[PDB]
Amino acid sequence: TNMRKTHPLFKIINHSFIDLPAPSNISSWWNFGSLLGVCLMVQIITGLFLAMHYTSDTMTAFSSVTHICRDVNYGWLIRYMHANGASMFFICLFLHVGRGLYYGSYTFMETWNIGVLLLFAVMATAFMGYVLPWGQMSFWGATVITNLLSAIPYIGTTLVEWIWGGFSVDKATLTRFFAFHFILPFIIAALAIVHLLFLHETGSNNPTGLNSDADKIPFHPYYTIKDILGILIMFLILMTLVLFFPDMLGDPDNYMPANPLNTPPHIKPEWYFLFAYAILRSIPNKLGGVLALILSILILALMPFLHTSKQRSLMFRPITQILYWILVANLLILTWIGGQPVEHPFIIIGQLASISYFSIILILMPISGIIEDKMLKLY
Amino acid sequence: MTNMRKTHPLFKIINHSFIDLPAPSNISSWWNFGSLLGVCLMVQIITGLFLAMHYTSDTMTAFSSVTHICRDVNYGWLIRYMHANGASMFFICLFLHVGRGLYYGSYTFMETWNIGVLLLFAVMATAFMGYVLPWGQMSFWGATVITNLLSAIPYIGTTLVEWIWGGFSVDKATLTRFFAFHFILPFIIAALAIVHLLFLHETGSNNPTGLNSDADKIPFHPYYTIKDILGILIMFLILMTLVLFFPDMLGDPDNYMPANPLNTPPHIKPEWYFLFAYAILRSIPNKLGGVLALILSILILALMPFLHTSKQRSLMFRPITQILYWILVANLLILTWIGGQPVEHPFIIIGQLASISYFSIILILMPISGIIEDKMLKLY
Amino acid sequence: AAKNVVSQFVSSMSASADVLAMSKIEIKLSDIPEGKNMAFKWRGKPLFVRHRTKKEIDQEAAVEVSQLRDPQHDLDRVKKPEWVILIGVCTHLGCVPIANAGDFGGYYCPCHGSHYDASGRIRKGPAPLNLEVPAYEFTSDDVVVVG
Amino acid sequence: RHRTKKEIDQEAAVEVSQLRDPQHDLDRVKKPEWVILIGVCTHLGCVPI
Amino acid sequence: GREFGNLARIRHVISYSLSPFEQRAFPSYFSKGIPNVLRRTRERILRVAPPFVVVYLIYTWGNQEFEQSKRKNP
Amino acid sequence: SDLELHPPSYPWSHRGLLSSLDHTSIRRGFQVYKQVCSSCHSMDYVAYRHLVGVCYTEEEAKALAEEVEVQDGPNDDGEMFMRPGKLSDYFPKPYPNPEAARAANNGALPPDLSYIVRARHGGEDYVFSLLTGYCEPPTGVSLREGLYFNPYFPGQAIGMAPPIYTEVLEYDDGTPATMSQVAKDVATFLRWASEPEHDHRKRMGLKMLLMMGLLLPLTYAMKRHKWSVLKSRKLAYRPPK
Amino acid sequence: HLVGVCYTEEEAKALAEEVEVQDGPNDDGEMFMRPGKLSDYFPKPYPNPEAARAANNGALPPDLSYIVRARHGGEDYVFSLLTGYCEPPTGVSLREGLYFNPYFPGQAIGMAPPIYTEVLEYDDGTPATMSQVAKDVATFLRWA
Ligand SMILES: CCCCCCCCCCCCCCCCCC(=O)OC[C@H](COP(=O)(O)OCCN)OC(=O)CCCCCCCCCCCCCCCCC
Ligand SMILES: CCCCCCCCCCCCCCCCCC(=O)OC[C@H](COP(=O)(O)OCCN)OC(=O)CCCCCCCCCCCCCCCCC
Ligand code: HEC
Ligand code: HEC
Ligand code: HEM
Ligand code: HEM
Ligand code: HEM
Ligand code: HEM
Ligand code: FES
């Protein structure tokens, strides 16, 4: 009789959001996941309203963006919430992955792997979107990171000529980057649907890590209003970041037009790439640097096979908690070092930071897990 | 040990929809057109993705970017004419799809039919703005004619048309937002096609007999997979011979001129798959009546499930309604021909007769013929 | 909050400020002597402003609606008959007309051989319809607003 | 630039270690009689003389 | 599958609940909230804080060594 | 010199979170740019209609654009022709191309000033410190003739001759045109040129702050209600022994 | 576009060398003039369409890059238009500056008859009749 359980379209919404059993004790960190979805929609919506005025041509891209800010009604608002929403998207993404690492959520291996595919897709989307306004920093960052992607012998030079569509970064690269930047969030949305589908076969994790089937509550009305409150808090942070500090996270060098003969004194990506950048230049070999960047981002994929404790969460593991917070501290140091120029003493700090990062993820955390297992008189 | 086809969740979904789907054994070649529409949609996504890598939505550099695609990009002529003739093939597949639904009584799958009606509206809008995109003479003037026709609804027509334009005429803001909307809309079409397939797999498929086909049902694999491969390869034959041998017969030549707001062409007609509706909007000497008549022609195509008065589903056993159906099909053909003709003697009277016959056949004559056939079969 | 954000996003797709500055371009002065046709670049089109005397208006008042190629009489299209406003765009090829030429002393198309009427009608020629007249509002007689 | 032989001898007399950027000057040119290079100042693209 | 009704097997458990319409949404907010905030931060501060303390130490030392390295040698 | 002096923080009128620009200073700075800085610097992205409603009225900006020749065209005979300007015209370029600007300015290219306080670290502080920081070169360093020593320019070698001194122009509203006053006015005008949306952004942010400060405790109260059905819950156990 | 189709690369390079193309601006900051390269497009006779309308007696000579794809009949229309210049019939008055071509719509074209017997000397010993010239230029416009 009722449409909530028998109508084939409302049955999906009821199974995923209304009568879905969820753990009764999950903290605010879980809200971040829904926040990510909201950010995706926000980005897509704001991206569409940037696409009604953007002109993908090297003569009229910077000029079109200035026309959006200065002549389009509230166009400055849409452009700056697209930029700071990309930043908020990466903040929520980083805290989502940190929640996955801390509370042992990588044992859902299919969900974890669809996650790291989503992470790769959103990093590439943010890269090509940052190339899109065609300022100084867009052109030079694209040239630097694609030219170091060209480091593979006998294969990389043909791949970089194919990616550029020419001898270097030019109008063909700008137009194909516009097409790729537009179309990648829809593969991201479909992959998020597959992400949620792979999650819902087993249910969410809880901070204690235990079987929450003894005490579960429906998603409505509890986590509905909890995620609404998280959305409101996120919109506070985002609109403070747009309406009060619109270019605190930005880079001023992107506000000059792209002069191909004007090499800036410093060339950086945006902040959410910077740590990988500091793992990139921590090795004085181009193949080694690019492959080390690949391992620094794919060690998340290697993570579910590096779990040694008979427990799951870090809530009852203090030594591995200490190692996790040292890892987060090291990641913060890597971001700061990637912001910094390649001088003394930043080179040795970056080298020790990357070495400690790979040593903590690869070696030290299974050792700490087996030490705590022996310490709890079970091994 | 388990079966990874029926236990892995997305493998379970594709096994439910494509491998172990119970399909009727007797569905004819008219049932291949849904997959043809899906693969032609995918061809449109891929070819448009490769077209948008060089297109620049700007009134100074749109026609020149199209010529740069044609003459400098390697095989850019192939992808561009594949896109245009794939739009034409897409509307051929749509027309035969809706004709299959009308003939065999498939509209009694009501939510599937309405999701289809929404798909048809979205596809017609998408192809209209896509035809606007190359910024030829015919693109600009067809966009101008369609939007000034939209400006006839009372007290909100001028506001809505100047909001759609982004200005007081068709200009570069319209071209950029039309590129954005043309890029985005087929993904909404793809999502609605997923919903279309969802509703259809809940309600089951239909056979040409219109009977309950659950007595004799066969798996989708390998039977309809190999039938769909044969149909897809036949459609590629037709599409590729019309790309490589007759690339410029379904369009108009004066789309190969740049857009001029001063010069107007004498024959301002849309693409061929709009022409029948064009005849309807010239069948009335009132602009609001023409706009209303167009949208309620597509809406009586939506309202078709409510007019079913016969006690048989398909037209296999109903010859009077078969004759009326083919009269309607030929009426659509001459509506297309009249829409492809100038407003002159004797095309006004023929267009008016075609419009009133079309609406009389859909509304009045077909349920009366169903009542007559039920009386003639001693039902009532 | 929802009404404000939705209204801002809808109002972003309206006509921008450069379009508004390029839509009500021409705010005419009275620097036009009695009888002279002068040209403006309004909305990407040649816009003609000509002063007229009532002798020529009464001479053109003997053009019947029934014998016109496109029926439009010479009494209702202008509220001020001494000032006439035209669009200088041919409907045949998109050329410019030049006034006070022909047997009628009307506009002439040098591209084409066609002699337009001085009110803007196609008198002799294969142009299918006349010269269109835009919308225009009346302030004090030094200044006329077009739009 | 078609260079001069005195400039060739002077630049071949340049020590490798005293240069700011480590690169061999004999291997810089293929033919020792001509110089072919980007004429772009690495600040912002000023044209040198 | 994973719906309510067959999630687990619990025996001998009694739960008592009130309406939300007759209990306060902030029952002794500060007077019971401040001691639990101090208890939670006392339980977690020795695991969380000293890595960020040494982050601040490395940050200040790196800035000072960089400004010293840019300084010349009289 | 590799080490670079940083500009200090000046107590601007628009420095605060809710403090807008001073539009009289924007007007005086536009007068400074038109009289002095427009000879070598361009502002291609700012039009004369942008000044209406900010620092000039409609007829004032109409006259100020009508006193500018704009190369309109093409004519019906097929040529360019000079015309008086209008409100839809942008600020005129000093040079037709960057290489003529290089030829007239000893090789150095004077940058476009539409985004120059958004493109420098320091912004209007940097612009004020550059314009007011001109001084004679110290010993040891001997710079090339036609260059000028400026400790705030990166590299300390600017190709711009110092354009600011006392009474370099007049003020129609009766203000003493000193060095620092002219530099402050033109820095305020440059901040307005980079961000014309600045005051509207701060007003919308104030409305955002008030609305969020209203909305957050109410939504938190709804969460506490619909979760206080669960947070007061008590559980008991009845083992049969 | 002429290499590998009609000319060799040295022949097309020599053809483009006789072209004199606007380029710049130079180091001194102004337009200058150079011989053309292979990457130089075919030269416009007029800098803008208004001078084209001024020189050619009002009427605008169109761009013949899509003119076989922008006319019904294709190159049959081009061949019929170039070879169809005849006198006007009885009664119709032809204005000076206009010529009677029955294949042009309106039958009053602004194009003077541009070809006749031996209007150019071919380099392959071809008879330069008006029909041969029209057929060759129609084939070239179909290729273009
Ligand atoms: C035996 C310890 C006794 C401690 C007694 C403290 C006082 C007790 C009475 C008052 C109550 C205070 C609050 C109680 C909190 C919980 C209990 C507690 O004190 O735990 C101690 C805590 C965790 O205990 P546990 O894991 O056993 O310690 C191993 C030490 N590594 O361990 C700690 O706090 C120690 C944490 C040390 C972390 C050092 C990290 C150094 C390296 C950082 C590198 C960061 C990256 C640098 C850059 C790299 C590249 C250059
Ligand atoms: C009278 C007997 C039937 C006809 C003669 C045939 C006799 C055959 C006798 C031997 C049997 C041979 C085998 C029979 C096979 C099956 C039966 C069959 O084919 O019947 C003929 C058929 C259908 O006949 P049925 O539907 O029964 O007749 C209607 C009754 N009320 O088809 C017909 O009846 C023909 C229908 C023709 C319809 C013509 C419509 C003309 C107008 C179309 C306008 C379209 C455009 C409109 C545009 C408007 C705007 C301008
Ligand atoms: C012609 C003599 C000029 C006058 C008048 C003004 N400027 Fe200028 N400016 C000029 C040149 C040739 C340069 C380049 C200097 C170089 O060495 O490359 C500049 C530069 C600037 C800059 C940019 C400085 C930077 O670090 O990027 C600014 C911000 C600037 N000038 C400001 C400015 C103002 C506000 C002026 C009006 C008072 C002004 N300049 C006048 C040439 C000339
Ligand atoms: C200068 C005398 C010209 C010569 C040499 C050629 N053409 Fe031309 N052409 C010229 C004008 C002024 C016009 C406009 C005519 C009008 O009525 O507006 C044209 C037009 C054409 C066209 C277009 C016809 C149409 O229906 O649109 C074509 C196809 C054309 N001309 C062909 C053509 C060829 C092939 C020429 C080389 C032999 C040629 N023209 C030379 C002016 C002149
Ligand atoms: C594209 C951005 C992403 C989106 C939109 C997204 C979306 C979601 C959503 C909606 C949930 C369910 C709500 C929740 O539990 O938080 C979720 C959970 C989860 N996601 Fe993601 N996610 C993203 C990125 C990632 C990444 C990069 C990873 C892998 C590191 C990941 C791994 C997980 C895991 C493991 C869970 C399970 C939570 C648990 O039970 O503990 N996600 N995600
Ligand atoms: C389909 C959705 C999207 C569309 C159509 C889109 C479109 C655009 C356009 C047109 C621009 C250039 C305009 C400008 O720079 O202000 C842009 C910039 C950008 N986009 Fe997107 N975008 C989309 C989704 C995303 C997503 C999901 C991200 C985050 C990963 C993102 C990150 C960025 C960034 C960082 C910029 C550069 C902002 C800057 O100028 O500094 N975009 N996008
Ligand atoms: C966007 C284009 C469309 C696509 C991609 C599409 C896709 C499909 C597919 C894949 C099927 C199943 C295979 C088949 O029966 O041919 C189908 C069936 C169906 N579609 Fe569509 N369709 C489209 C347009 C429409 C429209 C416009 C209508 C409504 C007039 C419609 C109504 C139906 C019905 C009633 C069926 C079931 C027929 C039966 O079971 O025998 N479809 N469609
Ligand atoms: C999201 C996928 C699509 C993209 C990215 C896309 C992109 C484009 C682009 C860039 C053009 C301009 C190229 C040109 O006109 O020569 C174009 C034209 C066109 N598109 Fe699409 N399109 C897509 C899907 C579709 C669909 C589904 C249809 C309808 C079947 C369609 C119909 C057309 C038409 C009719 C033209 C005009 C062709 C012409 O006249 O040259 N497009 N499209
Ligand atoms: S082209 Fe002007 S009237 Fe014919």
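Residues numbered from 1 in each chain as written, not as in the entry; some residues may be left out. Chains lettered and ligands numbered in written order. Part of a larger assembly, values for the part shown. Heavy atoms only, no water.

Its PDB header names cryo-EM as the technique used to obtain the model and reports a resolution of 3.3 Å.

Chain D appears in the PDB entry as Cytochrome b-c1 complex subunit Rieske, mitochondrial from Mus musculus. As recorded in the PDB, the entry bears the title "Murine supercomplex CIII2CIV in the mature unlocked conformation".

By the naming in the PDB entry, chain A is Cytochrome b, taken from Mus musculus. As recorded by UniProt, the Sequence similarities comment attached to chain A reads in full: "Belongs to the cytochrome b family." (UniProt positions renumbered as here; feature names shortened; annotations may be inferred.)

Enquirer: Can you walk me through the UniProt feature "binding site: a ubiquinone" in chain A in this structure?
Expert: On the UniProt side, "binding site: a ubiquinone" is annotated at positions that read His200 of chain A here. Among the structural elements, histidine 200 of chain A can be located in helix 9 (residues 171–200). Those residues in contact with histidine 200 of chain A that lie beyond four places of it in its chain are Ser16 and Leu20 of chain A together with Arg2 of chain E. (Helix = DSSP H or I, 4+ residues; strand = E, 2+ residues; numbered from the N terminus. Contact = heavy atoms within 4.5 Å.)

Enquirer: I tried to follow the site of ligand 6 on my own but got confused; where do I start?
Expert: Residue and element names in this part refer to chain A. Every one of the 19 residues lining ligand 6 counts as a neighbour, but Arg79, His82, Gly129, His181 and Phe182 are closest to it. Within the contact set of ligand 6, an oxygen atom lies 2.4 Å away from a side-chain nitrogen or oxygen of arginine 79. Within the side chain of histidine 82, one N or O atom sits 2.7 Å away from a nitrogen atom of ligand 6. When residues of the shell around ligand 6 are traced back to their parent elements, those giving at least two are helix 3 (31–51), helix 5 (75–102), helix 6 (109–131) and helix 9. It is helix 9 that provides the largest number of residues to the shell around ligand 6, a total of five residues. Of the residues assigned to the shell around ligand 6, the class counts are 13 nonpolar, five polar and one charged. (Near = heavy atom within 4 Å. Polar contact = N/O pair within 3.5 Å; in protein donor to acceptor, adjacent residues only side chain to side chain. Nonpolar A, V, L, I, M, F, W, Y, C, P; charged D, E, K, R; others polar.)

Enquirer: Can you help me understand the coordination of the iron atom of ligand 6 in this one?
Expert: Metal coordination angles have textbook ideals: 109.5 degrees for a tetrahedral set of four donors and 90 or 180 degrees for an octahedral set of six. Residue and element names in this part refer to chain A. For the iron atom of ligand 6, every protein donor is listed as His82 (NE2) and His181 (NE2), and the spread of their distances is 2.0 to 2.1 Å. Classification of the site at the iron atom of ligand 6 rests on its six donor atoms, whose angles at the metal span 81 to 180°, yielding the label octahedral. Of this pair, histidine 82 sits in helix 5 while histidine 181 sits in helix 9, placing them 99 residues apart in sequence. Under the relative-accessibility criterion, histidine 181 is labelled buried at 18%. (Donors = N, O, S within 2.8 Å, 3.2 Å for Na, K, Ca; no water. Tetrahedral: all angles 85-135°; square planar, octahedral: opposite > 155°, others 65-115°. Buried < 20%, exposed > 50% of the residue type's maximum accessible area, 1.4 Å probe, protein only.)

Enquirer: Would you mind going over the arrangement of the chains with me for this structure?
Expert: No other pair of the 12 pairs of chains in contact has as many contacts as chains A and F. No interface is formed between chain D and chain E, the nearest pair of C-alpha atoms being 18 Å apart. The two partners chain E and chain G share no contact, and the minimum distance between any of their C-alpha atoms is 38 Å.

Enquirer: Just to check I follow, could you spell out the interface of chain F and chain A for this structure?
Expert: Note: interface size is frequently given as the accessible area lost on complex formation between the parts. In this complex, chain F contributes 37 residues to the contact, which on the side of chain A involves 36 residues. Summing both partners gives a buried area of about 3,400 Å² for chain F against chain A, and 70% of it is carried by carbon and sulfur. Inspection of the region where chain F meets chain A yields three salt bridges. Seen at the junction of chain F and chain A, the total is 10 residue pairs in polar contact. Listed by contribution, the elements that provide at least two residues to the side of chain F that touches chain A are helix 5 (179–194) and helix 6 (198–231) of chain F. Considered class by class, the residues forming the side of chain F that touches chain A number 21 nonpolar, seven polar and nine charged. (Buried area = accessible area lost by both parts, 1.4 Å probe. Salt bridge = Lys/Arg side-chain N within 4 Å of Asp/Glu carboxyl O.)

Enquirer: What is the right way to read the sheet that holds strand 9 (residues 136–138) of chain C from this model?
Expert: Strand pairs in the sheet, formed through backbone hydrogen bonds, run parallel or antiparallel to each other. Residue and element names in this part refer to chain C. Sheet architecture is open: three strands sit in the order 1-10-9, paired in antiparallel fashion. Taken across any chain shown, the strands that pair with only one partner, and hence form the sheet edges, are strand 1 (27–28) and strand 9. The sheet contact formed by strand 9 and strand 10 (residues 144–146) spans three bridges and is antiparallel. What sits directly across from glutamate 137, in strand 10, is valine 145. (Pairing = 2+ DSSP bridges.)

Enquirer: Looking at this structure, I do not really get the sheet that holds strand 4 (residues 83–87) of chain C. What am I missing?
Expert: Residues and elements named next belong to chain C. Taken together, three strands build an open sheet; the order of strands is 2-3-4 and the sheet is antiparallel. Strands at the two margins of the open sheet, each flanked by one partner only, are strand 2 (37–42) and strand 4. Between one strand axis and the next, the sheet turns through 25° on average, direction left out of account. Pairing between strand 3 (residues 45–51) and strand 4: five bridges, direction antiparallel. The residue of strand 4 that forms the bridge with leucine 47 is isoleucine 87. (Axes fitted to C-alpha atoms, helices over the stretch in contact; angles between N-to-C directions.)

Enquirer: Honestly, unusual backbone geometry in this entry has me stumped. Any pointers?
Expert: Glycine aside, a negative phi is what most residues show, and trans is what most peptide bonds show. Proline 346 of chain B follows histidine 345 of chain B through a cis peptide bond whose omega is 0°. Its place among the elements puts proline 346 of chain B in the loop between helix 13 (319–339) and helix 14 (347–376). One non-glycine residue, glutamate 167 of chain F, adopts positive backbone phi at about 60°. Note on placement: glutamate 167 of chain F falls in the loop between helix 4 (124–131) and helix 5.

Enquirer: Explain the packing of helix 4 of chain F against helix 5 of chain F here, please?
Expert: When two helices pack together, their arrangement is given by the angle between the helix axes and the distance between those axes. All names here are of chain F. The geometry of helix 4 relative to helix 5 is characterised by a closest axis approach of 9 Å and an angle of 150° between their N-to-C directions. Compared by their axis directions, helix 4 and helix 5 come out roughly antiparallel. Here helix 4 and helix 5 pass one another in a crossing that is right-handed. Facing helix 4, whose interface residues are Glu124, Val127, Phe128 and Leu131, helix 5 presents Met179, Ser180, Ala183, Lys184, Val186, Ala187, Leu190 and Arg191. (Parallel < 35°, antiparallel > 145°, perpendicular 65-115°, else oblique. Left-handed = near helix turned anticlockwise from the far one by under 90°.)

Enquirer: Explain the interface of chain G and chain F here, please?
Expert: With nine residues of chain G at the contact, the number on the chain F side is 10 residues. Both sides together, the interface formed by chain G and chain F hides about 560 Å², and carbon and sulfur atoms give 55% of it. Applying the counting rule to chain G against chain F returns zero salt bridges. Here chain G and chain F share zero residue pairs in polar contact between them. Of the residues in the side of chain G that touches chain F, the class split is three nonpolar, three polar and three charged.

Enquirer: Looking at this structure, how should I read the site of ligand 7?
Expert: Residue and element names in this part refer to chain B. The immediate surroundings of ligand 7 are formed by 19 residues, with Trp31, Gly34, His97, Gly116 and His196 found nearest. Within the contact set of ligand 7, an oxygen atom lies 2.6 Å away from a side-chain nitrogen or oxygen of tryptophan 31. At the level of secondary structure, the elements contributing two or more residues to the shell around ligand 7 comprise helix 3 (33–51), helix 5 (76–103), helix 6 (110–132) and helix 9 (172–203). Its residues assigned to classes, the shell around ligand 7 comprises 10 nonpolar, eight polar and one charged.

Enquirer: Would you take a moment to explain the state of the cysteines for this structure?
Expert: Structurally, a disulfide amounts to a covalent bond that connects the sulfur atoms of two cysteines. Enumeration according to the criterion identifies one disulfide over all chains in this entry. Through a disulfide, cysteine 95 of chain C is tied to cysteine 111 of chain C; the S-S separation comes to 2.0 Å. Negative torsions about the S-S bond denote left-handed disulfides, and the value of about -95° found for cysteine 95 of chain C with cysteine 111 of chain C makes this one left-handed. With a gap of 16 residues between them, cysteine 95 of chain C in the loop between strand 4 and strand 5 (98–101) and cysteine 111 of chain C in the loop between strand 6 (106–108) and strand 7 (115–116) connect regions that are remote in the sequence. Of the residues examined, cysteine 111 of chain C reaches a relative accessible area of 9% and is grouped as buried. Distance from the sulfur of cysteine 6 of chain G, which forms no disulfide, to the nearest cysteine sulfur (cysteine 70 of chain B) is 19 Å. (Disulfide = S-S within 2.5 Å.)

Enquirer: Just checking my understanding: could you explain the packing of helix 5 of chain B against helix 10 (residues 223–244) of chain B for this structure?
Expert: All names here are of chain B. Helix 10 packs onto helix 5 with a crossing angle of 125° between their chain directions and a minimal axis gap of 9 Å. When the interaxial angle is binned, helix 5 and helix 10 end up oblique. Judged by the twist between their axes, the crossing of helix 5 over helix 10 is right-handed. The residues of helix 10 that touch helix 5, namely those facing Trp77, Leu78, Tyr81, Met82, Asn85, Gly86 and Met89, are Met235, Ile238, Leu239, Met240, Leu242, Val243 and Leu244. Of the residues contributing to the contact of helix 5 with helix 10, the split by class is 12 nonpolar, two polar and no charged.

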